[PDB]
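S.K.: Handing you a structure now.
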Amino acid sequence: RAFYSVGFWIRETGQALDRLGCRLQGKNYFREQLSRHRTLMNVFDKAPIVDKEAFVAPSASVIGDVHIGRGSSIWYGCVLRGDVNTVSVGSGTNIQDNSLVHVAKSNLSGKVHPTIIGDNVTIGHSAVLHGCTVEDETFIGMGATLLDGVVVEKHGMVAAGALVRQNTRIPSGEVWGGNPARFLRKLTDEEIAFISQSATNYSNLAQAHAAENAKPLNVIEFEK
Amino acid sequence: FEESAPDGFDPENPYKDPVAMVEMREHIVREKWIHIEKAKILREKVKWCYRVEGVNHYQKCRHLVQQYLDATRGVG
Amino acid sequence: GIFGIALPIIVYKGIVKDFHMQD
Amino acid sequence: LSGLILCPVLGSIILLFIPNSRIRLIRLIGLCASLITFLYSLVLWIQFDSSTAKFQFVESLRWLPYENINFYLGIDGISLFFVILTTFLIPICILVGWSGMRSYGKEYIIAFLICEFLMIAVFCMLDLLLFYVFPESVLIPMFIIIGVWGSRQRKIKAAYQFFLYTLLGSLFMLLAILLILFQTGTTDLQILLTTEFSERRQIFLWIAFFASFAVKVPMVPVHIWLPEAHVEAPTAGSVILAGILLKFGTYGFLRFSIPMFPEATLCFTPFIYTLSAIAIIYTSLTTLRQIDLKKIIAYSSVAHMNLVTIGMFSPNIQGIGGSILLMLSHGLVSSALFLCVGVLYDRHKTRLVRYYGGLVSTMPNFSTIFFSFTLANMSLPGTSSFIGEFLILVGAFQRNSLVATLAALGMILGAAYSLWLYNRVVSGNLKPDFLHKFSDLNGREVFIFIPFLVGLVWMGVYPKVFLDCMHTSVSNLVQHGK
Amino acid sequence: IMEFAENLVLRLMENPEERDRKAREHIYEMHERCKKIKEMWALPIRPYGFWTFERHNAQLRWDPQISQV
Amino acid sequence: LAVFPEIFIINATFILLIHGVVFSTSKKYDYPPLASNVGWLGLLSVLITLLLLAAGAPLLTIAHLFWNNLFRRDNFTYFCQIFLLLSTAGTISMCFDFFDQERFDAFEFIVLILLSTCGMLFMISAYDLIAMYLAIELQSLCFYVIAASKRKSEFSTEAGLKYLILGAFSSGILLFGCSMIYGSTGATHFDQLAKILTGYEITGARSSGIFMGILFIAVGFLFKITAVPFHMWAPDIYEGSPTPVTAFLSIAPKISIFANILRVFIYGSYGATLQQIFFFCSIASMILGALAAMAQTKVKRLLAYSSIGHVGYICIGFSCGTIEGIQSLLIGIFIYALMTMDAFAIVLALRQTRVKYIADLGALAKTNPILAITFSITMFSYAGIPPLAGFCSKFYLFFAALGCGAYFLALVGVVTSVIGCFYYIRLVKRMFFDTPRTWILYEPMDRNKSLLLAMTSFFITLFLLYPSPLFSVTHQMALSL
Amino acid sequence: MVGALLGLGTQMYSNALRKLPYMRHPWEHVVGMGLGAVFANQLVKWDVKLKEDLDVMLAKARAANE
Ligand SMILES: [Zn+2]
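Chains as they are written, first to last, in this note's numbering: chain A, 1 to 224; chain B, 225 to 300; chain C, 301 to 323; chain D, 324 to 805; chain E, 806 to 874; chain F, 875 to 1355; chain G, 1356 to 1421.
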């Protein structure tokens, strides 16, 4: 955006004016290579929106148009990088770890569509959800991977290491757990109880973890 | 559309006066169009002759139309 | 034939010249 | 003109400070700058007085003090509507490019390299040295337009020996321009008009201009650069090429050949007669040999342009009027046909010509408009091109009608193959392998078609507003040729 | 008409002096035709900067017979 | 006064030389590399001089003590000296990368460039065969040294050695010319030599001593400016030596020796008798430039032959002694220098490559496309493409050749320039539209090259839109001679 | 004057050549080029004055019509 560019210009002149218009007097504080991933909700003309009761981990970046609702969580290392189209994550979902939710930009080879993550979705670790209209109360497994346009319908427990294919509207309650997407078994009801209870488990575990602090004694040690 | 027939001062040898040489061009072409439009007015008057007769519609003006044509010469 | 047209073209030029000589 | 002259340069430069990946703004504002420079071209038309040998809106700025070879800018007569056609057509190229992403074809780059009104410069530039700089100068913009976004049919290139000759001919004209410049200090075109040269040298200087011109003009010995330059040219590179870059050579002859060297022109009348005649004959027969559509239209353009030459010769006011109006009608018709063949490429994405079939099903409105312009490229009497070509013909006014008899073949074969190719393109339910992708024309597409059809019909039914605004200037040129 | 077409045309008027423009252009170029023919003609202008030092310092040294008498 | 541009750049070089030597040999500072610190102060000793030189424009001619003895400054020497310092400013600026990135602790390369610039400042204002020779050899000796500088790679050593041989032999020829002229005239001062050589007419009047003298001076010069029949090593000289020293001895000696030629050959001896050798040299130089450029691969050697050819295109302005001709020659030096500083700034931007030809120059349309745009602009400028500045140079040169009646010289110039235009258009096409060819990637250029490339690229493209200042400058310089 | 626009370009063109984006405070130092353009035009005037002086000196020279 034009005025956003102008704002980038006034800020640089301002940061520069401090950096060497006053750190000139014996201060190398600016030169410290401190990290910048702590911009958890990285922004554009479109911004990431997150409600109160939604733990976001500080090891995790949330870039692009995001709409984290209520109860949803983005645990340590995840990247909801969704610049192109909004990452309309619903309520009470549970990313749980180093997962990824992309509408990441390509040369419109398949017309990347928004990733409307549903409700109470307890996505597992390393899942690489990519242009995924995954519906509500769904499980995705550890180390998993998905592909464009997928629609993981209600209670579709994708298994670990899985690689769902493009545009595959997985049926409601069908377990697909393979590199070539393949239905395996109608899910049992104990798995339904597990997936609907692990939702609130992490919902509470994410309202926990209570980062919201600072550890100055360690800061004083790392200072020396 | 307001010009003057005199071309200032141009002798026969036109290299001397580029101002007057351009002006002779720009108004002797005006005279060229004078007589071209005179031929055109006489042609509309030839049509007028034809309109008037309507029964001869070649004669009673045809030699006067030759006079008209004498605005052009050297037909060969 | 192409050189034929090339020379007959200047021959038509010469025809214009003969018309110029007609008067 | 003083302020309203530099619209495209100001627009281009002040947009250069807007890289703006989100294309919408650069497209919108470049198009608006183009449209307003065209609006100022047209109000400059309205500003015209068809009664003076002087040039309408003269302006200058010192360029080198001694002998003052300065930017002398006149728009009388012909240049008036040459710059008008230039502007008329530049938004056409800006508008044929509302492509959605237009990413590798970086939109602002093509905007900045079509929105260079050096064509406006050359058509208004009235001191043949700087005037020389511009047609040769527009080659740098033309080369980038021709291949950077141009379709790649070969390793992009031009015949190297022919290109070396083409540029050598251009620089040969430069030696002639200098010989006249130092011949009597004559800086500009008014005084190069006034002055008088040695008949022995007028012929040399005439042919020396003619080298570069008859390269820019597509005469028979050197015209091959049009087909090879077009089949590789982009959709909007051909619209400019046919539109203006061919008018360059004929306008060059018009200004800096006929009223410059009257005796040399008198002496070389049969030369250009035969040259353009045999060129029309060749480019009429050739589309037999050529199956490539772009080559077909380019060769029809060669035919029309050598008709422009076979008419510019004359001290006939009707003669040079037909010349310049065939130029206008050609910048309309061949560019409309290049628009056509570009739409026909893109909607089919194929660069064979045998593959354009079943058009009345896919794009029948394109069939209608393609006829509405191929009747023109053969010059249906009634179209603008007819008024142009027939005043070209009657250009045998004080003459004895022996070159009209070669224009006979030149135009009869032209109309014949025009109809043959319009058939060959729209003929039959020849089912192609396009997977039921019909590609109906766009509202913006028929828009960019609108102005060419409008100019064409408005001329073809009423050429007054263009023959007027011209007669005074051409008649002055003629009397200087008397 | 439309309320201003009358004065809508007075955006140019004759002002015919642009021909005196070329009249005096021609004076320019008539002089300029003497651009390349001119060259060095002066051997009396200050490039004769030798004697002004010779007469100036001839008496001090490098002298045949003045120091004698 | 009147030597304040020289008094300064001599004191500044000493202040830099002592400052550099004391520190580089200092244990306290850990023997730091004083390059880019005696530089920076070097190029400022240039700008402060260029400020001392440009300001005192009426003051340069403030004494007579210098006039009939040592050197005569005037408007021509003043303007051409503001240019040498400006072209030395560009050349030091483009080297800043070559000092840091390339491992050079040898600062005295800077102080040698500064001493060479003083030698050239004394060449421009040289107004006596003795002063002309002494300043010529001061600058040539600094350049032999800084061209044989790189001692690790043997390729630069033998290149510098043949440069020393060629330059010492050229200076021997020039000096034998000075001897014959002095011995046959008893006067070395150009103010004195002018009075003798009025109405000399060698081809009509029997004067063999002065003739052989002027011939040997012209041959020595045409060796120094590396014209065609006497280039004889110049391609290998530019190729073998490092890139920035090539940029130095390729643009600044041209400017200086050409100003010196304008002094001795338009004032010291004025006749159509000597410019015949320069006419032949122009013909064969444009020929050799065109053809060898068509033949070469290595971008350094391609620029070598391009510079030889453009030096040819210069001498056609001297091949006729009319004011228009001299002004065309001066226009040609400014548009050849700024364009060569640009081409060498580009070649210095591509430090990553080894000695590599245009094929490895490729991919620049992809990697760093704005640098490829600039390179195409510069190469077009050499070719003489109309909308650029090199076209204005070659065009005014050809127009002066036509106004001087040398129609055949203009003809050979136009055919050679069209050959060059074809070759460089083909080069730009091969670089842009095809030939990926191994994709060597480059470290970015620094601000110093960036502004010089940017300002010069702006100068080349936006030149015809305002040629009045340069044309006025060069016509005033031609009138002053 | 036009020197302001040219400088912003020279600085931006410089940034485009080092690969850096088109951003910083040197675009406000292009006002120095605006000063430079005014000086260059001022030098054009001064220069054509001096050249007219040298030209009338030449007209006085060259035999002065004799
Ligand atoms: Zn877990």
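Ideal Cβ positions, reconstructed from N, Cα and C, are used throughout, including at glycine.
1) Going by C-alpha distance, which of F:1312, F:1306, F:1333 and F:1319 is nearest residue 475 of chain D?
2) Give the C-beta separation of residue 1273 of chain F and residue 505 of chain D to the nearest angstrom, bearing in mind that I take them to be a contact with Cβ-Cβ under 8 angstroms.
3) Distance cutoff 8 angstroms, beta carbons only. Does residue 1386 of chain G sit that close to anything in chain D?
4) Our contact map puts residue 1125 of chain F next to residue 887 of chain F with C-beta atoms below 8 angstroms; I'd like the distance itself, whole angstroms only.
5) How is the beta strand (DSSP E) around residue 297 of chain B delimited, first residue to last?
6) Under a CB-based cut-off of 8 angstroms, is residue 243 of chain B close to chain E?
7) If you reduce the DSSP assignment to three classes, tell me which class residue 224 of chain A lands in.
8) Using a Cβ-Cβ cut-off of 8 angstroms, state whether residue 817 of chain E counts as contacting chain D.
9) Answer yes or no: the CB of residue 96 of chain A versus the heavy atoms of ligand 1, is any distance below 7 angstroms?
10) Going by the C-beta, is residue 143 of chain A closer than 7 angstroms to any heavy atom of ligand 1?
11) By alpha-carbon positions, which one of F:941, F:971 and F:1047 ends up nearest to residue 1318 of chain F?
12) Given a threshold of 16 other Cβ atoms within 10 Å of its Cβ, counted over all protein chains shown, does residue 550 of chain D qualify as buried or as exposed?
13) How would you call residue 320 of chain C, buried or exposed, if buried means at least 16 neighbouring beta carbons within 10 angstroms?
14) For residue 1297 of chain G, which of G:1372, G:1405, G:1359 and G:1401 has the nearest alpha-carbon?
15) In the structure shown, what three-state DSSP assignment does residue 1000 of chain F receive?
16) Can you tell which of D:501, D:482, D:605 and D:473 has the C-alpha that lies nearest to the C-alpha of residue 1279 of chain F?
17) Between residue 1235 of chain F and the rest of its own chain, which residues show a CB-CB distance below 7 angstroms, the 5 nearest in sequence each way excluded?
18) Is the shortest distance between the beta-carbon of residue 246 of chain B and the beta-carbons of chain D less than 8 angstroms?
19) How would you call residue 39 of chain A, buried or exposed, if buried means at least 16 neighbouring beta carbons within 10 angstroms?
20) Got a sec, what are the start and stop residues for the alpha helix (DSSP H) residue 337 of chain D sits in?
21) Looking only at its chain, what residues have a beta carbon closer than 7 angstroms to the beta carbon of residue 209 of chain A, apart from the 5 residues adjacent to it on each side?
22) According to the neighbour-count rule (16 or more other Cβ atoms, all chains shown, within 10 Å of its Cβ), is residue 839 of chain E buried or exposed?
23) Rounding to the nearest angstrom, what Cα-Cα distance links residue 852 of chain D and residue 798 of chain D in this structure?
24) Within 10 Å of its beta-carbon, does residue 1196 of chain F have 16 or more other beta-carbons around it, so buried, or fewer, so exposed?
25) By how many angstroms is the C-alpha of residue 512 of chain D removed from the C-alpha of residue 1408 of chain G?
26) I need the boundaries of the beta strand (DSSP E) containing residue 185 of chain A, first residue and last residue.
27) With a threshold of 6 angstroms on Cβ separation, who are the neighbours of residue 79 of chain A within its own chain once the five nearest residues in sequence on each side are excluded?
28) Determine the extent of the alpha helix (DSSP H) in which residue 86 of chain A is found, giving its start and end residues.
29) Could you tell me which chain D residues have their CB closer than 8 angstroms to the CB of residue 1406 of chain G, listed as they occur along the chain?
30) Could you tell me whether the Cβ atoms of residue 917 of chain F and residue 963 of chain F are closer together than 8 angstroms?
31) So that I know if they touch, is there some Cβ in chain J lying closer than 8 angstroms to that of residue 1180 of chain F?
32) So is the beta-carbon of residue 124 of chain A under 7 angstroms away from any non-hydrogen atom of ligand 1?
33) Which residues, in order along the stretch 842-854 of chain E, keep a beta-carbon less than 9 angstroms from a beta-carbon of chain G?
34) Give a yes or no on whether 8 angstroms exceeds the smallest Cβ distance from residue 1360 of chain G to chain D.
35) Going by C-alpha to C-alpha distance, which of D:562, D:348 and D:390 sits closest to residue 655 of chain D?
36) Could you tell me which residues DSSP pairs with residue 448 of chain D in its beta bridges?
M.R.: This is what the structure holds:
1) Along the fourth sequence, read from residue 1 onward, the residue named residue 475 of chain D stands at position 152. Of the candidates F:1312, F:1306, F:1333 and F:1319, the one whose C-alpha sits nearest the C-alpha of residue 475 of chain D is F:1306.
2) What you label residue 1273 of chain F is simply residue 399 of the sixth sequence in a count that begins at 1. What you label residue 505 of chain D is simply residue 182 of the fourth sequence in a count that begins at 1. At roughly 7 angstroms, the Cβ-Cβ gap stays under 8 angstroms, so residue 1273 of chain F and residue 505 of chain D are in contact.
3) For the purposes of this step, residue 1386 of chain G is identified with residue 31 of the seventh sequence, where counting begins at 1. By this cut-off, residue 1386 of chain G is not an interface position.
4) Translated into positions along the sixth sequence, residue 1125 of chain F becomes position 251. Translated into positions along the sixth sequence, residue 887 of chain F becomes position 13. So it is not a contact: roughly 20 angstroms between Cβ atoms.
5) Residue 297 of chain B sits at position 73 when you count from the first residue of the second sequence. No beta strand (DSSP E) contains residue 297 of chain B, which DSSP labels as neither H nor E.
6) Here residue 243 of chain B corresponds to residue number 19 of the second sequence, with the count starting at 1. Yes, residue 243 of chain B lies at the interface with chain E (some Cβ there is under 8 angstroms from its Cβ).
7) The residue given as residue 224 of chain A occupies position 224 in the first sequence. Here residue 224 of chain A sits in coil by DSSP.
8) By one-based count along the fifth sequence, residue 817 of chain E stands at place 12. Yes - at least one Cβ of chain D is within 8 angstroms of the one on residue 817 of chain E.
9) Looking up residue 96 of chain A in the first sequence gives position 96. True, at least one ligand heavy atom lies under 7 angstroms from that Cβ.
10) Along the first sequence, read from residue 1 onward, the residue named residue 143 of chain A stands at position 143. Residue 143 of chain A: no, Cβ never under 7 angstroms from ligand 1.
11) The sequence position of residue 1318 of chain F within the sixth sequence is 444, counting from 1. Nearest C-alpha to residue 1318 of chain F: F:971.
12) Your numbering for residue 550 of chain D matches position 227 in the fourth sequence. By the neighbour-count rule (16 or more Cβ atoms within 10 Å), residue 550 of chain D is buried.
13) For the purposes of this step, residue 320 of chain C is identified with residue 20 of the third sequence, where counting begins at 1. So residue 320 of chain C ends up on the exposed side.
14) This structure does not reach residue 1297 of chain G, given that chain G is present from 1356 up to 1421, and the question cannot be answered.
15) As a working mapping, residue 1000 of chain F is identified with position 126 in the sixth sequence. Correct three-state label for residue 1000 of chain F: strand.
16) For this step, residue 1279 of chain F is matched to residue 405 along the sixth sequence. For residue 1279 of chain F, the nearest C-alpha among the options comes from D:501.
17) On the sixth sequence, position 361 is the one that residue 1235 of chain F refers to. If we look at residue 1235 of chain F and ignore the five residues flanking it on each side, its Cβ neighbours are 1173 and 1305.
18) Sequence index remark: in the second sequence, residue 246 of chain B carries index 22 (1-based). Closer than 8 angstroms to some Cβ of chain D, the Cβ of residue 246 of chain B qualifies, so yes.
19) Working through the first sequence from its first residue, we reach residue 39 of chain A at position 39. Exposed, since its Cβ has fewer than 16 Cβ neighbours within 10 Å.
20) For the purposes of this step, residue 337 of chain D is taken as residue 14 along the fourth sequence, with counting starting at 1. Unbroken alpha helix (DSSP H) run through residue 337 of chain D: 330-338.
21) In the first sequence, counting from the first residue as 1, residue 209 of chain A sits at position 209. Counting only Cβ-Cβ distances below 7 angstroms, and skipping sequence neighbours, we find 55.
22) For the purposes of this step, residue 839 of chain E is taken as the residue at position 34 of the fifth sequence. Its Cβ having fewer than 16 others within 10 Å, residue 839 of chain E is exposed.
23) The structure shown does not extend to residue 852 of chain D, since chain D is modelled only from 324 through 805, so no value can be given for it.
24) Position 322 of the sixth sequence, counted from the first residue, corresponds to residue 1196 of chain F. Buried, by the Cβ-count rule.
25) Sequence index remark: in the seventh sequence, residue 1408 of chain G carries index 53 (1-based). Sequence index remark: in the fourth sequence, residue 512 of chain D carries index 189 (1-based). Straight-line Cα distance between these residues: approximately 29 angstroms.
26) For the purposes of this step, residue 185 of chain A is taken as residue 185 along the first sequence, with counting starting at 1. Here the beta strand (DSSP E) through residue 185 of chain A covers 183-186.
27) Translated into positions along the first sequence, residue 79 of chain A becomes position 79. The answer, listed in chain order, is 61 and 100.
28) Here residue 86 of chain A is taken as the residue at index 86 of the first sequence, counted from 1. Unbroken run through residue 86 of chain A is the beta strand (DSSP E), 82-87; no alpha helix (DSSP H).
29) On the seventh sequence, position 51 is the one that residue 1406 of chain G refers to. In chain order: 388.
30) Against the sixth sequence, residue 917 of chain F aligns to sequence position 43. Against the sixth sequence, residue 963 of chain F aligns to sequence position 89. In this structure, residue 963 of chain F lies closer than 8 angstroms to residue 917 of chain F by Cβ.
31) Protein chains A, B, C, D, E, F and G are contained in the structure displayed, whereas chain J is not.
32) In the first sequence, counting from the first residue as 1, residue 124 of chain A sits at position 124. Yes, the Cβ of residue 124 of chain A comes within 7 angstroms of a heavy atom of ligand 1.
33) 842, 843, 844, 845, 846, 847 and 850
34) Counting from one through the seventh sequence, the residue named residue 1360 of chain G turns up at place 5. So, interface residue.
35) Translated into the one-based positions of the fourth sequence, residue 655 of chain D becomes position 332. Comparing Cα-Cα distances from residue 655 of chain D to each of D:562, D:348 and D:390, the minimum goes to D:562.
36) As a position in the fourth sequence, residue 448 of chain D is number 125, starting the count at 1. DSSP lists D:396 as partners of residue 448 of chain D.
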